[PDB]
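Notes to accompany the following structure.
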Amino acid sequence: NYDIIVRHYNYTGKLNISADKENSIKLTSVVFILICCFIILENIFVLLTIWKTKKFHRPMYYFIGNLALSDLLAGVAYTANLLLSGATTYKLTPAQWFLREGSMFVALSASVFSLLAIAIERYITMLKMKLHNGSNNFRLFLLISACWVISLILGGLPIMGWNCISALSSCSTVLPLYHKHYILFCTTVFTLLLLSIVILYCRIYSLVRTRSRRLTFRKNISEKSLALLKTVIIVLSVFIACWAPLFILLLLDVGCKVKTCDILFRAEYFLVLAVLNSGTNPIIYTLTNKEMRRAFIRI
Amino acid sequence: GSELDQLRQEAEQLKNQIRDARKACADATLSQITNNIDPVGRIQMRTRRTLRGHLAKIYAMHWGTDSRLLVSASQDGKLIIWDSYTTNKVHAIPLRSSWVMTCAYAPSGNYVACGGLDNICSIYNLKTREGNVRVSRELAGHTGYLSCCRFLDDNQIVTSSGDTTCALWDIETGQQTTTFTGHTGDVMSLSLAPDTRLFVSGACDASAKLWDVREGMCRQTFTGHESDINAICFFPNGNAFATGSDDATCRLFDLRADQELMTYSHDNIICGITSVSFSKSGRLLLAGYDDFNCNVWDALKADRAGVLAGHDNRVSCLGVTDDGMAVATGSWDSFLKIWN
Amino acid sequence: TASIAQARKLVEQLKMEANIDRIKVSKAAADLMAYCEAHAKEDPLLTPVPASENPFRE
Amino acid sequence: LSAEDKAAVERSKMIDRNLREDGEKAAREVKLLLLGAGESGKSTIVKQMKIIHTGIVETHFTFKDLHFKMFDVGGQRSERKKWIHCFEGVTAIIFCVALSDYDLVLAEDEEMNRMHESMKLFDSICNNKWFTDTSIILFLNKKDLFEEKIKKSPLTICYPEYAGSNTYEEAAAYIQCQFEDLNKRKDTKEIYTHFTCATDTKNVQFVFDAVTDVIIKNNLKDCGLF
Ligand SMILES: Cc1cc(-c2nc3cnc(Oc4cccc(Cl)c4)nc3o2)cc(C)c1OCC(=O)O
Numbered sequence: 021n022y023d024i025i026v027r028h029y030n031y032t033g034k035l036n037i038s039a040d041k042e043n044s045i046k047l048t049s050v051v052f053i054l055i056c057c058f059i060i061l062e063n064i065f066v067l068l069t070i071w072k073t074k075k076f077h078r079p080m081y082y083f084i085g086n087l088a089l090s091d092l093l094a095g096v097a098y099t100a101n102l103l104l105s106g107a108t109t110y111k112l113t114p115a116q117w118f119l120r121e122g123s124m125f126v127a128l129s130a131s132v133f134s135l136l137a138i139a140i141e142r143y144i145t146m147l148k149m150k151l152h153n154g155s156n157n158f159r160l161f162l163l164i165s166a167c168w169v170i171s172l173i174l175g176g177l178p179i180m181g182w183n184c185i186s187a188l189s190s191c192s193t194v195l196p197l198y199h200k201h202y203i204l205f206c207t208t209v210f211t212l213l214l215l216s217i218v219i220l221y222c223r224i225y226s227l228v229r230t231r232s233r234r235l236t237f238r239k240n241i248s249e250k251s252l253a254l255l256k257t258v259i260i261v262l263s264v265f266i267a268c269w270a271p272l273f274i275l276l277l278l279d280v281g282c283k284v285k286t287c288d289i290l291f292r293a294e295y296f297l298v299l300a301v302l303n304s305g306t307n308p309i310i311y312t313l314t315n316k317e318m319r320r321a322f323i324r325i
Numbered sequence: 001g002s003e004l005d006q007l008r009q010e011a012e013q014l015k016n017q018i019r020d021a022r023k024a025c026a027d028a029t030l031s032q033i034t035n036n037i038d039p040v041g042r043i044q045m046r047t048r049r050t051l052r053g054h055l056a057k058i059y060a061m062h063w064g065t066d067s068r069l070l071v072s073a074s075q076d077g078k079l080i081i082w083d084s085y086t087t088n089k090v091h092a093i094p095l096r097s098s099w100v101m102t103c104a105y106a107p108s109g110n111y112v113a114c115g116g117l118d119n120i121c122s123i124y125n126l127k128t129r130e131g132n133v134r135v136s137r138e139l140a141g142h143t144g145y146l147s148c149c150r151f152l153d154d155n156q157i158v159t160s161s162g163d164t165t166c167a168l169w170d171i172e173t174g175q176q177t178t179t180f181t182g183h184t185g186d187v188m189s190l191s192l193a194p195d196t197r198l199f200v201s202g203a204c205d206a207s208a209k210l211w212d213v214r215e216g217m218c219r220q221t222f223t224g225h226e227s228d229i230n231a232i233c234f235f236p237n238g239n240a241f242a243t244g245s246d247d248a249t250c251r252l253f254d255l256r257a258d259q260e261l262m263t264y265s266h267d268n269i270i271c272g273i274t275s276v277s278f279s280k281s282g283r284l285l286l287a288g289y290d291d292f293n294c295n296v297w298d299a300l301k302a303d304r305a306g307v308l309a310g311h312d313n314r315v316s317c318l319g320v321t322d323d324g325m326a327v328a329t330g331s332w333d334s335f336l337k338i339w340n
Numbered sequence: 006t007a008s009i010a011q012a013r014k015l016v017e018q019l020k021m022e023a024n025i026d027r028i029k030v031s032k033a034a035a036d037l038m039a040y041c042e043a044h045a046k047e048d049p050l051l052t053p054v055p056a057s058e059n060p061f062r063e
Numbered sequence: 005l006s007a008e009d010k011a012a013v014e015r016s017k018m019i020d021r022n023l024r025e026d027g028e029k030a031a032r033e034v035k036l037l038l039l040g041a042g043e044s045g046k047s048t049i050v051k052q053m054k055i056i057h182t183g184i185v186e187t188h189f190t191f192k193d194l195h196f197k198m199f200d201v202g203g204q205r206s207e208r209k210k211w212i213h214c215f216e217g218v219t220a221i222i223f224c225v226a227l228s229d230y231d232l233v234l235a236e237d238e239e240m241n242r243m244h245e246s247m248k249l250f251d252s253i254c255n256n257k258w259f260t261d262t263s264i265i266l267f268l269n270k271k272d273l274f275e276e277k278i279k280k281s282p283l284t285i286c287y288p289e290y291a292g293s294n295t296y297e298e299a300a301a302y303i304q305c306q307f308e309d310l311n312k313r314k315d316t317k318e319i320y321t322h323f324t325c326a327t328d329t330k331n332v333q334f335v336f337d338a339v340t341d342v343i344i345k346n347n348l349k350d351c352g353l354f
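Line by line, the protein sequences give chains R, B, C and A.
When the letters of the first sequence are read in order and numbered with the entry's author numbering, they come out as residues 21 to 241, 248 to 325.
First residue of the second sequence? That's 1 in the entry's author numbering, and the numbers climb one at a time after it.
First residue of the third sequence? That's 6 in the entry's author numbering, and the numbers climb one at a time after it.
When the letters of the fourth sequence are read in order and numbered with the entry's author numbering, they come out as residues 5 to 57, 182 to 354.
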C-alpha cells in the first residue's frame with residue numbers, strides 16, 4: 021500500500037524526502053490554476069452562447085458543443101490533479117493515485133477524439149453536394165457515444181491491467197506504477213489520429229480546389251480556396267505545434283532507462299502547454315466563422 | 001368641363017354630408033358605455049397537440065363544421081386533412097401547382113376548395129365510391145391571384161382575386177354567376193355572415209366594403225385605416241366586424257352605423273396583423289403578429305390579456321373551432337399548434 | 006370617355022348609399038355588451054374547463 | 005387499442021410514409037426564378053432549345193445530372209410586394225436586360241429611354257429584405273443590334289457623363305459596371321454577367337457553372353469552414 025508507493029518513488033527517485041509545509045507557496049501552481057480558470061471561462065461562455073441561440077442547432081453545432089464540454093471537463097480535471105499534487109508521495113492510497121491519472125487520460129483523450137469526429141463529419145458533408153443540408157441523428161449519436169466510450173475505456177484500462185505494481189523494471193519514470201506498453205499503445209493511437217485528421221483535411225481542400233477551378237471557366241473581372255487554405259493551415263499548425271512536446275516527451279520516456287536520462291523531471295510544462303492548446307480551441311472555432319462572431323458581438 | 005366639375009363637386013358635398021351624419025350619431029364610446037365591468041383575468045393557455053408533418057411554410061387553415069377535422073396548405077404542394085383528438089391524418093391530397101394561399105371546408109363535410117397564385121380554383125371531392133380524391137371542377141376566369149375563398153353552400157362558392165374583384169361562382173356549371181367590383185387596390189381577405197346573405201371584404205386601398213349576394217353592388221364603405229387590410233373577421237351577432245392591418249392597429253366597426261369604436265393598439269408592437277378570430281361571446285379577440293407570437297386581446301376593454309408565444313417564425317393562419325374548445329395556430333415553421 | 010362614366014356611377018353609388026338609415030352608437034354598444042354577457046355562461050375558452058370535459062388532454 | 009383505432013394508425017403510417025417518400029425527391033431540384041421587363045427577351049430564353057416542359185408557367189429541364197426548374201412570373205399585373213415572400217428559397221434569380229434599347233423611348237410613358245426604369249427595377253429587386261443570399265445572375269440581351277446601332281448612334285443621350293469612345297468593348301464594359309454597381313450587399317450576394325450567345329450550350333453551361341458555384345459556397349457556409 022503506502023510501502024509500495026514509497027518504494028516505487030525511491031526506485032524512481034522522485035520522493036526527494038519532501039519536508040515542505042502544507043502551504044502551496046508555488047507560483048507555478050497559482051499561474052496554472054488561473055490559466056485553467058480562464059480556459060473554463062472561455063468554455064462556459066461558448067456553451068452559453070451556443071445554448072441560448074435557437075438558430076444554432078445544426079449537427080455541426082452539436083459537435084462544437086461536444087468539444088466545448090470535453091475541454092470543460094479537461095480543465096476541471098487539470099485543476100483537480102494540480103490541487104492534489106502536493107501530497108503525492110504520502111497520505112495517498114494506490115486507488116486514488118490511479119484514479120487521478122485515469123481521469124487525466126480520459127480528459128486529454130476526449131478532446132482529440134472530438135476533433136477526429138468533427139473532421140470526419142466535415143469530410144462526409146463536403147464529399148457530396150446537396151441543395152438542402154441535413155444529417156441523420158443516428159450517425160451523430162453513434163459518434164458522440166463511441167468517442168466517449170473509447171476514451172473512458174482507454175482511461176480506465178490501467179486501473180486493473182498493465183499496473184506495473186509487481187514488476188520493478190518496466191515502470192516508467194515520469195509516471196511510476198505504469199507499464200510502458202500502455203504508453204506505446206497511447207502514442208500509437210495519438211499518431212494514428214493525427215495522420216487521419218491531416219489526411220481528411222487535405223482531402224477536403226483538394227476536393228474543393230479540384231471541383232472549383234477546373235469545372236468553372238466563366239468570365240473574369248478564387249478567394250474561397252485561399253480562405254480554406256488559410257483556415258486549414260492555421261488549425262493544423264496550432265494542433266501539431268502545440269501537441270508535439272508531449273509526444274516527444276512520451277517517446278523519450280519509453281526510450282530512456284531508469285537512472286539514465288536526467289531530463290524527464292520537467293513534465294509539468296509540457297502538460298500545461300498541452301492543456302493550453304486544448305483550451306484555445308474555441309478561439310479558432312468561433313473567430314473564423316462570420317455568424318458566430320456576429321452573435322458574440324450581439325451578446 | 002361642366003359635367004365633370006359638377007359631378008365631383010356633388011360627390012364632395014355627398015361625402016361631406018355622409019361624414020356629418022356619421023359624426024352626429026356618435027355620442028360616446030364602448031369604453032364609456034362599458035366602464036363598469038370586471039376585467040378578464042390573466043389567460044393561461046397551453047399547447048395540447050403538436051401536429052407535424054409539413055415540409056414548408058403554412059399559409060392557410062380552416063376548421064370543419066364538426067370540430068373534428070382540419071385542413072392545411074403548405075408550399076410543398078400538399079393539402080393534408082388532419083383529424084383532431086388523435087393527431088393522425090386521413091387525407092394527403094397532392095396539389096397540381098405548389099403555390100397555394102387559401103383553404104375551405106364545405107359546411108356539409110363533402111368537398112374541399114383550394115386556390116392560389118395560378119389564377120384558378122379547384123374543388124376536390126372526398127365522398128366518392130373510389131375512396132380517393134378527384135378534381136371535379138377547375139373554375140377559372142380571374143386575372144389576379146386568389147386571396148381567399150369560403151364556401152357558401154354545397155353548390156355555391158365565393159372568391160376574391162387580386163384584380164380588384166370578387167366573384168360568386170356556381171359549381172357544376174363553371175360560370176361566374178355574379179361579379180363584384182369597385183376596389184382600387186386588391187382584395188386581400190373577405191368574411192361571410194352567420195346567416196350568409198351578405199359578406200364584407202377588404203383591400204389594400206385602406207378600405208373595407210360590404211356586399212350583398214343577390215343584386216351585386218356595394219352597400220356602404222368603412223374607411224379610417226392608413227395601411228393595408230390583410231385580415232378580417234365577422235362578429236357572431238352579425239352587426240359588427242373586426243379588421244386587421246400591417247401597422248398593428250386592429251379596428252372594430254359597425255354595420256348599422258359606420259363608426260369607429262375600438263382602436264386596439266399598443267406601444268411595443270411595430271409588426272402587422274395576419275389573422276383575426278372571435279369567440280361565441282365575442283369577447284376574446286385573438287390576433288396574429290409578425291413578431292413570432294399571437295396576442296389575445298379583450299374586446300370590451302381593448303387591452304392585452306395574454307400571449308401565446310410558442311412559435312419560431314411568423315404566424316400565418318389562426319382559427320377558432322365552431323362550438324369552441326380550442327384554437328389552432330399555424331406559422332411558417334411547418335408546425336400546427338392547438339392551444340386551449 | 007371612361008372618366009365621365011366612372012364619376013357618374015360613383016356619384017350614383019354615393020347618393021344611393023346616402024339614403025341608408027343611421028343608428029345610435031350608444032344603444033348599439035348596449036346590445037353588443039348585452040349579447041356578450043348573455044352568451045357567455047358556458048364559453049369553454051375563457052371559462053375554465055374541467056379535466057374530464059377536456060378532449061385535448063392525454 | 006381497438007380495431008378501428010389500429011386501422012386509423014395504419015392509414016396514418018401509410019400516409020406519412022408516402023409523404024416522406026415524396027418529400028425527398030423534391031429536395032434535389034434547383035429552383036431558378038426569372039425576371040425581366042416587357043421587351044426584355046424572356047420569350048427567347050425559354051425557347052432557346054432547352055425548355056422541355182396564366183400566372184406561373186413552370187418549366188422543367190435537365191442538364192448533366194441536375195434537374196432545374198424555372199418559374200416565369202411575368203403574367204402578374206398586381207403589386208409585387210404582396211406575393212414575393214413566397215419565392216424565398218430560390219437558388220438564383222436570372223435577370224434579362226435588353227442592350228439594344230439604350231435610345232428607344234419607353235412605351236406609354238415618355239423618356240426613361242427603356243433603360244432607366246430597368247435600373248430602378250434592378251435596384252428594387254436586388255436590395256430587398258428577402259433576397260440577401262441569392263445570386264443575381266444577369267443575362268445581357270441582343271448585342272448584334274447593339275453593336276450595329278452604337279456604330280452610328282450616340283450613347284450620351286442615356287448616360288450624359290461618358291467621354292469614352294463609341295466602340296463595342298468600352299460601351300459594354302461601362303454598361304456592365306453600371307449594372308454591377310447597384311449591389312449594396314457587396315459581402316453576401318454576388319452578381320454574374322454574361323452576354324447572350326446564339327448557342328444554347330454556352331448559356332446552359334454558364335447557368336450550370338453559376339449554380340454549382342452557388343452550391344459550393346452554400347456547402348462551405350453550412351460546414352462552418354467558410
Ligand atoms: C499528475 C501527473 C499527470 C501526468 C500525465 N497526465 C497525462 C494524461 N495523458 C497523457 O497522455 C495522453 C494525453 C492525451 C491523450 C492521450 Cl491518447 C494520451 N499523459 C499524461 O501525463 C504527468 C505527470 C508528470 C503528472 O505528475 C506526476 C505526479 O502525479 O506527481
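Even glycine gets a Cβ: it sits at the ideal position worked out from N, Cα and C.
Asked: Nearest-angstrom beta carbon gap, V34(A) and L194(A) [assumed within contact, 8 Å]; Found: 6 Å
Asked: Of the listed residues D337(A), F189(A), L268(A) and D350(A), nearest to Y230(A) (C-alpha basis); Found: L268(A)
Asked: Chain-order list of residues whose beta-carbon lies under 6 Å from that of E42(C) (same chain, five-residue window excluded); Found: none
Asked: Where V218(A) sits in the DSSP three-state scheme; Found: coil
Asked: Residue-chain proximity (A39(C), chain B), Cβ-Cβ < 8 Å; Found: no
Asked: CB contact flag (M325(B), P55(C), <8 Å); Found: no
Asked: Option nearest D291(B) by Cα separation, candidates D323(B), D76(B) and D247(B); Found: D247(B)
Asked: Amino acids of chain A, ordered along the chain, whose beta-carbon sits closer than 7 Å to that of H152(R); Found: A31
Asked: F335(B) burial status per 10 Å Cβ neighbour count (16 or more: buried); Found: buried
Asked: Simplified DSSP state of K23(B), which is helix, strand or coil; Found: helix
Asked: Given 8 Å, three or more beta-carbon pairs between the segment 25 to 37 of chain B and the segment 31 to 47 of chain C; Found: yes
Asked: Distance CB(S277(B))-CB(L318(B)) smaller than 8 Å; Found: yes
Asked: Those residues which DSSP pairs with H311(B) across a bridge; Found: Note: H311(B) sits in no beta bridge, so no partner.
Asked: Below-8 Å beta-carbon distance, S31(C) vs any chain B residue; Found: yes
Asked: CA-to-CA distance, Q176(B) to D76(B), given in whole angstroms; Found: 30 Å
Asked: Boundaries (first-last residue) of the alpha helix (DSSP H) holding residue 347(B); Found: The requested residue 347(B) is not part of the displayed model; chain B covers only 1 to 340.
Asked: Close-in-space but distant-in-sequence residues of the same chain around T179(B) (CB under 6 Å, 5 per side omitted); Found: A167
Asked: Of the listed residues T321(B), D333(B) and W332(B), nearest to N340(B) (C-alpha basis); Found: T321(B)
Asked: Cβ of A253(R) within 8 Å of any chain A Cβ; Found: yes
Asked: Residue span of the beta strand (DSSP E) that contains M101(B), given as start and end; Found: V100 to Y105
Asked: Any non-hydrogen atom of ligand 1 within 7 Å of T69(R) CB; Found: no
Asked: Residues, ordered as in the chain, of the segment 10 to 37 of chain B that lie near chain C by beta-carbon distance below 9 Å; Found: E10, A11, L14, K15, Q17, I18, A21, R22, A24, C25, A26, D27, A28, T29, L30, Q32, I33, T34 and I37
Asked: Within chain B, the residues that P55(C) reaches when beta carbons sit closer than 9 Å; Found: Result: empty, since nearest Cβ-Cβ is about 12 Å, beyond 9 Å.
Asked: Minimum Cβ-Cβ distance from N155(B) to chain A less than 8 Å; Found: no
Asked: Status (buried if at least 16 other CB within 10 Å, exposed otherwise) for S246(A); Found: buried
Asked: Residue-chain proximity (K75(R), chain A), Cβ-Cβ < 8 Å; Found: no
Asked: Where the segment 314 to 337 of chain B meets chain C: residues whose CB sits under 9 Å from a CB there; Found: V320, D323, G324, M325, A326 and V327
Asked: Cβ pair count under 8 Å reaching 3, the segment 296 to 307 of chain R against the segment 269 to 279 of chain R; Found: yes
Asked: Segments of 4+ residues assigned as alpha helix (DSSP H) that fall wholly inside the segment 106 to 152 of chain R; Found: 114 to 147
Asked: Helix, strand or coil at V200(B) [DSSP, three-state]; Found: strand
Asked: Residue range of the beta strand (DSSP E) that includes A113(B); Found: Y111 to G116
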